[PDB]
Structure formats: C-alpha cells, structure tokens
Amino acid sequence: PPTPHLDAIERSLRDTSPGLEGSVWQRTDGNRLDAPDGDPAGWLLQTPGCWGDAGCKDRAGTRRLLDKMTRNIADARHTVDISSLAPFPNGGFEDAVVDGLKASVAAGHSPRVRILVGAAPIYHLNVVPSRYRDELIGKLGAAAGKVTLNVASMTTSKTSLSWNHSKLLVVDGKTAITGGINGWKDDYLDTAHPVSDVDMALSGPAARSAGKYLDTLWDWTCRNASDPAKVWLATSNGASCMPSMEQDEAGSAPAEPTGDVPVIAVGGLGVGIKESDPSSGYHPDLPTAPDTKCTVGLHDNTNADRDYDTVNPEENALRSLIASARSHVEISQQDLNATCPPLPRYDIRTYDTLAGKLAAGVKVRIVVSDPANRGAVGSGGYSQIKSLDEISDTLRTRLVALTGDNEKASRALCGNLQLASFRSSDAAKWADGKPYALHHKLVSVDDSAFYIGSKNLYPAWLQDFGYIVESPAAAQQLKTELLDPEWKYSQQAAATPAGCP
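At position 180 of the sequence shown (counting the first as 1) the number is 173 in the numbering used here, and the numbers step up by one without a gap.
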C-alpha cells in the first residue's frame, strides 16, 4: 500500500543525514500502533481527554496513559529506557515506573534501567540524580536488589542552549511510548487546569530505532560524565555506566514485525554531541530574510547553519512532512514562534513551506497555546507569543516575499488559513479560571500521515525525537479522537488576520 508522504520525507533525510541512518533516523515496516484490545484508538495517548467539560471531571486520557506506561514496564524482561526533560518523573508518573518495575521483578526478571533528563543551564534541580536513584530504590523496597539503574541529568551546550528534551519510554527495544508528555505531576495530573498533550504507543522495529537513538545519547552521556558541568551521573551498586544497553539487548535478531504500519523514526542531536555528518553531501540554499522584530545574538543554527541540519534531521523531516501536503495540513503546537532573544523567533524555511502551501490552495490549520499562558518553562509557561497576529503577520510577510504582490498574498491568507488558540470545551478557560495550556507537537497531513513526538516547530536546539506514521486508518482515528474535537472548540477562538473579509 503506497506511502507518498513517507517517501518524500525519506528522500529528504537520506539527502540530509545519510550517515545517521539507523541511529538518529530510520524508516521501518511492520509496526503496530499498540492499542489495547477493545479500545481500537487506545494507541493515541492524549491527556487529559475530557473534551466538552471545563471542569474536566472524567480524565479518561490520563488514566489510559498511566495504565499503558505501567503495563509496558510490567512486561519488561531486560531493559527499560526512559528519557525526559528535568525534573525527573514524579507523582503518578513515578508510581507507574515503580509499579511496573516491581511487576517485572516479581515475574522473575532483573531489568537494566536508564533514566536520562536534560536540564537547562539555568535550571536548579531540586532532586539530583543520586537522590532520585535513592528515592526509586526505596520505593522498590526488596525489588531493588534485582534492578540496575543508571540515572543522569545532562546539558550538552551551555553556550548554545542544548540539552535533552526527548520524552521516550522504550521497553526491551520492542515497545515505545513517545510524544510531548513530561512526567510532571503538577502540570498534568494534580491540577484542576491540566496541560493538554499527546503521546503515542507503538511496538515493532520502530521501537528498536528509539533504542538506537537513546544509545547515541548515552554514549555521549557516559563519556562526558568526566565533566560534572555537563553530566551528573548516579548508578546503582557499582554498576558501570551503560552506553550501549539497547545495542547489547538487540544482539542480532533483526526486529520482529508486529503489524503493518510503516514508520519513520527521526530525532536530532542538538548542539554539542556531533558537529556534522562527515558522510553527508547536503548543501542547501539557506534563506536570507532578516526578522524585523528581533535580531538574534547567538549563531543561528535553525536558519543559518548547514552542519546543524546534518545532525538534526528532524528539522528537515518536519519541513518536508508539511511540504508533502496535497490537500490539507493540521498543526497543533504549543508555539510556532520562539522567545527572541536568545533564539531566532521563527523557522524561516517552515514559514515558507507554509506560505507555499497557502499559495497553492492547500488548507492549513494552526492551533497554538493561548497567549495568556506566557511564563517560565517548568513553572506554567506554555506560550511564547503575546498575540496570534505574531503568526499571521509573519505568514503575510513570507507570502508577499513569495508571490510578489500583496493582493495574492491576501487571497491565500484569508481563504486558506485557520488560526486559533486551543480550547477543549465551550468555556473560554478552565472552570477554575486558568487558561488552557497546549503542549502538543503534532502535525497531520492529508488524513494519511502524521508526526507525534517531542520536537516543537518553534526554534529550539535540543535533543528531540518523534515518529512519522503513514496510515489512513490511523489518521482517521487521530482525526476523530483529537483533531475534529480540537477544532470544534477552538474555532470559537479563531483569529481573523489583518486585512481579511
């Protein structure tokens, strides 16, 4: 069955980073979207999943998420590989890990466990790796002597603002859960104003791809533990740091197919792990478009650095996913624009690809976190814009640059764009008066191909990871479960860009 969206994306990754095929990106067949029996859309792990209700009484999404995480871990025989953005998983996120690990030990296993979080240079960790190690050992009680732990927090570049941001849970290199969800109880669980977010669950060869990606990060992390400014590392009971846990677990038993879903696994190494793919022939025309609102102080890796692309194929994967849309594109993000300075405010090539689609009559929908959510990351900050015009004005600019004339630019912008801030009910905010925070990193195209993972469309130079799936049947579920309901409530917060009918 054909895959015209994946083929275009694959063409662009082999051109961008051929040397990273098999570790930072990889196409595979034979995957399964891992739904529980009698819950066919249950691969889609949305949270809170309480559409239509400003009081959010029944969080069926959250419940399904925590359950799936517990069960995947409960099935572990050898390896459990976790990555996130610091702080370390707490609350129910942490209980899911501890309970799943106790179940695994009770079935007679001795699992190896790696937990990796990235930390911003400015971010003071309350619970450091050794304390988090000891906490887990304590909750594990007697199970503990059977579990080998590597726990690490890491920053790859203080100067270039790079650290881990991927959110992965890989068990035995065969199941994988990823998406936008950090394991932060106050934002997601214990609150009357829960963050809305989505992960997906999968099994199959694409989970081994995720393991390879985590191995790459752990190779760097184990080596750089000689620099405590970069890596804090705690292991259990004399255990070595385990750079290649996933490779060691895969041995060579070519991954078994579990279904019929084709997938591209695609991540990025941010700054400070590898400078380029020396193997790569990539040589793009970079755009040249100053921003009127903001002039960046830092060297701009998003807009103006060839080598950065070659070690961050996810950037091109996303640009060319959007470029492959023939009919419509839906984007659901925290932000399309970044805080400038220190970062560039937007990705020029992404805005151009969008402008190009607008011009060609492709329907584009952008839904972002409500600007009311502006604030510090990790402390309720879920917006980086003051107004939605910051998105529609940039698009106008690029449309004008692209079409030459300001009238055509207006046809395309007013006829083909839906732009709105997110809501999940008829209320404008949560029943407790807090605005809806959106943390999706989702892009869907033509009701066939979609991306879920941890990579934001706004400029950021982090280690990230995600999956692009091509399957009409899956897209249809995504449409029904998430995108249609999102639009039903968010259309009431639709923006009319300046200059439109």
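The C-beta atom is built at its ideal place from N, Cα and C for all residues, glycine as well.
For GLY23, the enclosing beta strand (DSSP E) has its first and last residue at 18 to 26. Fully contained in the stretch 153 to 240 are the following beta strand (DSSP E) runs of length 3 or more, in chain order: 161 to 164, 168 to 172, 190 to 196 and 224 to 228.
Cβ neighbours of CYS333 within its own chain (closer than 7 Å, five residues either side excluded): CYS287 and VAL289.
Boundaries of the alpha helix (DSSP H) around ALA402: 399 to 409. Distance from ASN65 to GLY48 at the Cβ level is roughly 31 Å; contact not present, criterion being Cβ atoms closer than 8 Å.
A distance below 6 Å between beta-carbons, with the five flanking residues on each side excluded, links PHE86 to the following residues of its chain, in chain order: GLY176.
Secondary-structure assignment with DSSP links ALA310 through no beta bridge to anything. Comparing alpha carbon positions, the residue from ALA297, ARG299, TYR375 and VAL355 closest to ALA331 is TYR375. Between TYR275 and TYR181, the alpha-carbon positions lie close to 40 Å from each other. The three-state secondary structure of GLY260, taken from DSSP, is strand. DSSP places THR148 in the strand class (E or B) of the three-state scheme.
Relative to the Cα of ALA365, the nearest Cα in the group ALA194, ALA486 and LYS50 belongs to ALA486.
A Cβ-Cβ distance of about 7 Å is found for the pair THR343 and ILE315, placing them in contact under the 8 Å criterion. Bridge pairing for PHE443: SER437 and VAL462 [DSSP]. Beta-bridge analysis with DSSP links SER97 to no other residue.
In the three-state scheme derived from DSSP, where H, G and I count as helix and E and B as strand, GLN456 is classed as strand. Taking a cut-off of 8 Å on C-beta distances, the stretch 137 to 152 touches the stretch 264 to 284, as three or more cross pairs fall below it. Cβ contact annotation for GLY138 (same chain, cutoff 6 Å, sequence separation greater than five): none. A distance below 6 Å between beta-carbons, with the five flanking residues on each side excluded, links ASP190 to the following residues of its chain, in chain order: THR40, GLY173, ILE174 and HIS432.
In the structure shown, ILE115 falls within a coil segment according to DSSP collapsed to helix, strand and coil.
DSSP places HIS321 inside the beta strand (DSSP E), whose first and last residues are 321 to 326. Fully contained in the stretch 250 to 305 are the following alpha helix (DSSP H) runs of length 4 or more, in chain order: 299 to 304. For the pair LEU351 and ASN409, the CB atoms are nearer than the 8 Å cut-off.
Under the DSSP assignment, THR9 falls in the alpha helix (DSSP H) whose first and last residues are -3 to 9.
Taking a cut-off of 8 Å for Cβ pairs, the stretch 201 to 211 and the stretch 72 to 86 touch, as three or more such pairs fall below it.
Proximity to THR228 across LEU142, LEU6, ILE130 and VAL361 peaks at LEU142, based on C-alpha coordinates.
The distance from the Cβ of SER483 to that of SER414 is about 7 Å, consistent with a contact at the 8 Å cut-off. Between the C-alpha atoms of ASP439 and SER317 there is a straight-line separation of about 9 Å. Taking 8 Å as the cut-off, the beta carbon of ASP192 is found closer than this to the beta carbon of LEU58.
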